[PDB]
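First piece of the complex, coordinates kept as in the full assembly:
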Amino acid sequence: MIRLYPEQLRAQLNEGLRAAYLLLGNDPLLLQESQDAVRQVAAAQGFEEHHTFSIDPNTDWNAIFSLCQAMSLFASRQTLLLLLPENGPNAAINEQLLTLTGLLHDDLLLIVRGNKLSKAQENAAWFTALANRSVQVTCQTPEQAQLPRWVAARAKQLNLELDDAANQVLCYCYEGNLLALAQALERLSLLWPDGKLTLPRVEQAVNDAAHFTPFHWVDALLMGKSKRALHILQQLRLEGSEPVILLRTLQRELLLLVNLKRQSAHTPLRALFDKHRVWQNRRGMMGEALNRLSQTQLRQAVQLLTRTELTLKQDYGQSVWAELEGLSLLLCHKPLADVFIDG
Amino acid sequence: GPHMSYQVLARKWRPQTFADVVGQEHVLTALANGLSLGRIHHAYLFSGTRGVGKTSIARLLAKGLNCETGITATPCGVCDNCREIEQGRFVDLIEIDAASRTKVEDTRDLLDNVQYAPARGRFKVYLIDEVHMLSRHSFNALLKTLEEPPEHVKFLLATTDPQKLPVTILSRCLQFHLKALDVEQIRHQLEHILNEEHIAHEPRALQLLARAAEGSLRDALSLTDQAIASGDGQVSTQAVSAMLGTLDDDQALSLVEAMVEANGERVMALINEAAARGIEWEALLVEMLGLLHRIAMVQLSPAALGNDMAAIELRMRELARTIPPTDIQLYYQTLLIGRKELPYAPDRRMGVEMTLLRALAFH
Amino acid sequence: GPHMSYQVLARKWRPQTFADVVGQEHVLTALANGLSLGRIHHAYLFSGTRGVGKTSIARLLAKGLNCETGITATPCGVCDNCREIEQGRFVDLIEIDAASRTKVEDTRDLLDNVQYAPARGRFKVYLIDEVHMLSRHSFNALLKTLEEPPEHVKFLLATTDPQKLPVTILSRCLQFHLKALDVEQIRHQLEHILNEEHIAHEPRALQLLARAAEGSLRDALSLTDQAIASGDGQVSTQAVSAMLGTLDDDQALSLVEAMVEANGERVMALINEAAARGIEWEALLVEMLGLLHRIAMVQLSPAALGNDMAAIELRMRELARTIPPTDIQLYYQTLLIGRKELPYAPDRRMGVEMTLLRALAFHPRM
């Protein structure tokens, strides 16, 4: 219930165990390595038998068998590692968890692992009853701007030297995909145990395998950088989200931006953003975005976008995903189109 | 007659040692440095594209982890267990074709042999090729085996589309990513292969084969088998010229370049190529329109795209700036009108012919 | 409980003999030549617009293939096999509602039992109707059976359009294109049917029903059955004219001349009057296009008017004299485009108003 960060969960792990542990937060790899650290700490301590249970609706609780009966040949305590569903559990499972805690033995440990829960799921009967002694901890992957420091810190922990150019190429190639980042770090360490990597082969042992959620796409398109936007779209290949999500995203911000430009003659852009708290990390990134445009520019953007909107859904076009390449690139160096398209 | 069955060059020239693997310096060197020392993760995931060496490299790890000498980055040459793995039969390596074994009623049984004693030689090691076809419950069984793997065993793993695996097993496995071969790598390897047995070869045929291989080495070997077949035991420029009808790609830019003037036989040759190739005429004209639109974009901006056709950044630019924007707009009007009316022409080839004739009618 | 249930004309008068079929002379001649001469084939697909007779031709061919007389060009009609096919009991004519039975599962099921000998008939005819709604897997499943079926099985395909089929199947059957039936054939067949059914009919009413069916026996015959409900026991000219919404009056050319002279008020008044009277709009624009065609034709070559055109020549020739040749084609194109967009308009009257205003926008000076 404490709702702390794993940098402190390590501290509570070093001290006396605070009964059941619940580590949450959507994690690429940090959840698994935190689980591994918990496993090794427990193995050093009493609890050694890690029984893996997948918490899911429509799946009966075989954990009661461990809960009601104690181990007989090697007790050695034991730990129940629970895997939560990606949407959270239901009331039946939440109350059966409380029943299990009622069946808890002194050598039993409860570990609940999952993603962020809903408020009712968070404040269920089991969590409420365990709020007296259990702990809660959450973590999330670093952002784009927070990546270089994290990568450098991990490199310094692993006793391998990095460089600014190497960090740049890593944060470009592996942006938010820490599993790939960790594998690349291990590969660069094992390839050359010299301990000096500046830019000799870091690209040779690093591919383009990273996640890219749509919110950053306009962040490039608002500068109108042709090569950068084209490279971002090429990076989006092989993890290709269906076009509808990207289309919804850019229609959202373009409707917001056209409303902003309509109201620009009225109350200034900052106090207008006061209504448009879309948390674009300052609401000022949109402020520098709106600096480079024109009303005719917005017309040329919206015509192509709305033509695509019927180009993929009215007749089910197959090039429409590649059309996202077409629409984003043409806006980069189009101050205003002299009609000739006006879709 | 029924003698001299030259089996495929894909199978005959299959690498036997790490020195016979073309390209992929990073994977080779990484595993070489990892084999001398004992830091071996219990599961090695290999991923790449069509026909590169993932399966070959996996055979090489089965060769290396199991030998009389021991765990060696260097090859073995000849020693019983690794000798046995040159052919199919081998006792402590079992190759589960995961495509044929997807259900748990099979893969649970196969993984249930992990707790048996290993056969002759240490490191009971099995190669589950094409892992992306395992069922969800099969992946759960694999995960339960990976979380508490027996120390005396390891097992490799391969795929082609790594995005289909669960994040748990991907995070657990020490994934190596195997890169697509570059054109020079494939060309030199094919040169070596042809020189090895008996077949004469000219260089242009080999550049053409490498270009048409699209990067996969197995693809290059299949095309060299076809080239040998068509060329009657000689891969000369003529058999690969017959292949040139398939590997000839750059066609949409040449017609755009020839539209702005009367080049004579260029338009006729290009339409003959398009008809004999039979590509989508609607897509052909859409590519025409896209090229013309980015040209108009460059007219109002001296470097509007830059990354467009880096190989044609010395000819496309001339028509990107020399041609008046009014002519570009008129050509766009002509091509748009042609596309709008294209399906209603007697034939789409006739329609694209008429679009070209209308474009050539004005200037 | 009438005779089975086909008190409706659409089912009662489906032909039972090649002699009883109307039109389709080329395909009937081809099938008769194939049957008698011995050149038989395992896969015929009949493609044509709706209500032309591809299902009927297919069933009649199935009769002719399994008549006890032998492989006869004209089915017996009285022999036991023909009677069984008429009843639908005949266990070798396997009709398929391919629009309903689309799953590739059922196609595979019906292909597994193709090797069996026919129960009673000579040939095991696989009559498939509405083939174009087979799922792509079903189309490709039919391939190796269509190409080389056993000696005793013959396929019949009856599709509304041929171009939706994969080019593989389209290249393994005889494509018999059922030519759409012209007005005279429809009129003669309808008159013969009504004389057999003993209900009085007027020739011009039958002409209306023929010209409104756009070449379809089923469509025209359904329209006649509709008129029988309206016109009590008889297909009378007045009743069918009111039901079909024909332009009996002369307001068509009146609003034509109002429209070409940019008289917006007059055009709107005529439209309001027509809507109040209860006009039909698609026929209005069809008449517009016809009158414009006649005006243009006599603008090029005089003395081209006939009957009603030759009577209203006093206005038509004056219009051809005053309207330039270039503007006639533009008016015609605008009117036909409006007719194209009539379905894509929430109100038909509003769609016609839109079309007329688009036409008047050519010369919107006043």
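Looks like it arrived, so ask away. Numbers count the residues shown, from 1 in each chain, chains lettered A, B, ... in the order given.

Quantify the burial of residue 195 by counting its neighbouring residues.
No chain was given, so I picked chain A. The tally of other residues near residue A:195 (other Cβ atoms under 10 Å in any protein chain shown) stands at 9. No exception for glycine: its C-beta is placed from N, CA and C like everyone else's.

my bad, the chain I had in mind was chain B
By other Cβ under 10 Å, the residues close to residue B:195 number 11.

separation between residue A:242 and chain B?
As defined by Cβ to the nearest Cβ, to the nearest Å, residue A:242 lies at a distance of 14 Å from chain B.

Residue A:148 too?
Distance of residue A:148 to chain B, given as Cβ to the nearest Cβ: 22 Å.

got a list of what the residue of the stretch 1-150 of chain B found nearest chain A touches?
Residue nearest to chain A within the stretch 1-150 of chain B (Cβ to the nearest Cβ): residue B:26, separated by 4.2 Å. Counting by Cβ atoms under 8 Å, 6 or more residues apart in numbering or on different chains, residue B:26 touches A:187, A:191, A:201, A:204-205, B:179.

Now do the same for residue B:76: helix, strand or coil?
Classification of residue B:76 using DSSP: H, G, I helix; E, B strand; the rest coil returns coil.

Which residues of the stretch 251-363 of chain B lie near chain A?
Counting by Cβ under 8 Å from any Cβ of the partner chain, the positions of the stretch 251-363 of chain B adjacent to chain A are B:283, B:286, B:290, B:293-294, B:296-298, B:300-301, B:303-307, B:329, B:332-333.

one step back: and the residue of the stretch 1-150 of chain B closest to chain A, what element?
Using DSSP states H and E, the element containing residue B:26 is helix B:25-36.

Chain D should go on the structure too:
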Amino acid sequence: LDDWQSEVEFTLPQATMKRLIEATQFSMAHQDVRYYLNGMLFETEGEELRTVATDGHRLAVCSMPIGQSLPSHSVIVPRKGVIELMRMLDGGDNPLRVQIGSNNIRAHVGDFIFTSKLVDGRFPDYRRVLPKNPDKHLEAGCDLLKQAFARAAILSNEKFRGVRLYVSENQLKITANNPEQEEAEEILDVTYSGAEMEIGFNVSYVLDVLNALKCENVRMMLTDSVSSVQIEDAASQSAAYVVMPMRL
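Chain D now in position relative to the chains above:
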């Protein structure tokens, strides 16, 4: 649901209906395009309650005399109703009262009356399906033929369980093939005399027929390779079966 007219009453032990259905159930259509082909035809005659089932390629007709005057009436009952009716049969002592209607079939068993909806179609004339000439007739031991057919079928083709009879003078030769070519040959001594003949046909169907009747000595009748085979028991003529050949 209300009562019905055209309702003839039956009085028969459940064993009679069980024997009948078990005699003509394995040859009843299952999800076939011919909609009337599903279910069984129950036809009333002054002699018996005949029943007819067919897939178009297995025609099984059973005829158990009932001992009551029956007006001629032909009914088709769907697959579901037939299965349920067979499930409701047991005991063999209670008299089953079968009540036919225009659109429904009812049946009184013990103390409960159950009903089933009735397929709307016109079933084919089975008598014409039955061959019109039994010129080539042979008799053979039922269990011997069943065992021989099982032996031959164990190597038969999997998807198309197809074997081939070769009938010569007092001899039956069963030959079976399959993908991954395997040949099964078996010779039976039979009571046959006539023209030499070969006929290919499904073996699962014939094994099913022999399982259904299971008499002492069967006899089959047949003319030509294309001609269907009519199999019955040599003791009586109450049950007949028709199997349509493979190949052509």
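
on that earlier part again, how far does the helix holding residue B:26 sit from its chain's centre?
Here helix B:25-36 is found 23 Å from its chain centre; the criterion is Cα atoms, centre = their mean, to the nearest Å.

Please identify the buried residues of that helix?
Under the neighbour-count criterion of 16 or more other Cβ atoms under 10 Å in any protein chain shown, helix B:25-36 has B:26-35 buried.

what does stretch B:105-125 give?
Buried residues in stretch B:105-125 (16+ other Cβ under 10 Å): B:107-108, B:110-111, B:114, B:118, B:121-125.

Could you do stretch A:50-62 as well?
Buried positions in stretch A:50-62, judged by neighbour count with 16+ other Cβ under 10 Å: A:50, A:52-53, A:55, A:61.

just checking, which of these belong to helices?
Using DSSP state H, no member of the buried residues of stretch A:50-62 sits in helices.

okay if I get these as TSV plus distance to chain C?
Below are those laid out as TSV (distance: Cβ to the nearest Cβ, whole Å):
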residue	distance to chain C
A:50	46
A:52	40
A:53	40
A:55	38
A:61	39
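
which of those lies closest to chain B?
Chain B has its nearest neighbour among the buried residues of stretch A:50-62 in residue A:52, at 6.9 Å by Cβ to the nearest Cβ.

Spatially nearest residue to that closest one (excluding sequence neighbours)?
Nearest residue to residue A:52 in three dimensions, chain neighbours excluded: residue A:81, at 5.0 Å (Cβ to Cβ, 6 or more residues apart in numbering or on different chains).

Would you mind giving the secondary structure of the one you found?
Following three-state DSSP, the label given to residue A:81 is strand.

same structure, new chain, call it chain E:
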Amino acid sequence: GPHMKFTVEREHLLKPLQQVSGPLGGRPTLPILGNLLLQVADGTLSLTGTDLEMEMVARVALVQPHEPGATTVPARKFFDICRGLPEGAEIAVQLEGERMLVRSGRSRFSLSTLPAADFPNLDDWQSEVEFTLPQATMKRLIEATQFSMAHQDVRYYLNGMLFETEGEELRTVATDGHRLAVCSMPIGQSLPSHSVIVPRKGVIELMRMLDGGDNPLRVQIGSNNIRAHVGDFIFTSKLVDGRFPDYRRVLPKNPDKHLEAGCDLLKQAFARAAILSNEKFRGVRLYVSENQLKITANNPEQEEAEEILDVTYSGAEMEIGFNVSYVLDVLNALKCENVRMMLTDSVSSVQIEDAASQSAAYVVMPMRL
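One more chain to add, chain E, which I have set with the ones above:
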């Protein structure tokens, strides 16, 4: 090349085929593993069936003329050929070229085979502990402690029996977790000490191959495998890695309380206690008083009935040993006439034996609420 000649009868061929093709069900990785190896050597037939884990080899005498050779036959097809043939009929077999032809006078089949060289065999080893145990004794050893196996467990070695030997006696450890079981029967001859893990399926096959005959079972245990011989039948099975720890520790060291009652009396009483009102949720609740066993009912459907049993009791009073399922497992396999139970502590486990015999000692740790 090779051409073997079978001349055999069904009654002497049906059972070996069953014993060699029982476990051969399912689809194996090598297609040859789905096949049954026929060897004709001297006047002997060797039928071999494998699953990469256990080999069944059946020996059949060939009194009638024969020809040596080796081939492999689809097991299911060959078994179905031999089955169903007339009783007492003679099967003759000739393997010509590629195909093997079987004949029974009026029947002939042609089956496709696979070369004998492709068939895998298990390499020879040294059998450390070889003994000729009485078949009935081995049957008792397996059955008295086989009901507790813990199949499908994470330990990946708890799934198999353990066999321990000392001098002229041996024991079988039923590694289960919350259950333990051991059985002390003698061998009659001195054997060295050896601990071996045997998989669950191997144990099932080894107990099935006993057939309840009189022929002593000759069992050889090596470093990585075990072999069993009964009559003309041989069974081979690999071993599981990992060593299960000591089992005597789980035994109650100081059983302060003892109970004793007739085996049938306890059987009926606990059968009722398990079927009357204690089915799913925990179940029985035990209260041991002087010559009294008070059983309380706990179940999801809330049928709560209390029953008192008269069992001879040495002690004052105790509670909270009520693990119904495992004590049922013990009771069904007790094979006793009078049963004596040792209880030391509620927290610890419970031992069960015969009142006058130690043929099977059971250890069950009760569950707490």
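
what do you get for the buried residues of stretch B:105-125 once chain E is counted?
Across stretch B:105-125, burial judged by 16+ other Cβ under 10 Å covers B:106-119, B:121-125.

Quick one: end-to-end distance for stretch A:106-125.
21 Å (Cα to Cα, to the nearest Å).

Now the phi/psi pair for the residue nearest the centre of chain D, please.
For chain D, the residue nearest the mean C-alpha position is residue D:60 (2.2 Å; Cα atoms, centre = their mean). Reported as degrees, to the nearest 10, the phi and psi values for residue D:60 are phi -110, psi 120.

That one contacts residue D:54, doesn't it?
Yes. With contacts counted by Cβ atoms under 8 Å, residue D:60 reaches residue D:54, the gap being 7.3 Å.

Name the residues contacting each of those two.
Joint contacts of residue D:60 and residue D:54 (Cβ under 8 Å, 6+ apart) are residue D:27.

Get me the contact residues on chain A for chain E.
Residues of chain A found near chain E (Cβ under 8 Å from any Cβ) are A:51-52, A:68-74, A:103, A:105.

ok, of those, which come out buried?
A:51-52, A:68-73, A:103, A:105.

Filter those down to the ones in strands?
Among those, the ones falling in strands (DSSP state E) are A:51-52.

Filter the buried ones among the residues of chain A next to chain E down to just the ones in helices.
Counting by DSSP H, these place residue A:68 in helices.

Stretch A:209-221 vs chain B: in contact?
Yes. On the criterion Cβ under 8 Å from any Cβ, stretch A:209-221 is in touch with chain B at residue A:209.

wait, I meant stretch A:26-35
Yes. Judged by Cβ under 8 Å from any Cβ, stretch A:26-35 comes into contact with chain B at A:28-29, A:32.

which among these gets closest to residue A:250?
Closest to residue A:250 out of the residues of stretch A:26-35 next to chain B is residue A:28 (25.7 Å), distances taken as Cβ to Cβ.
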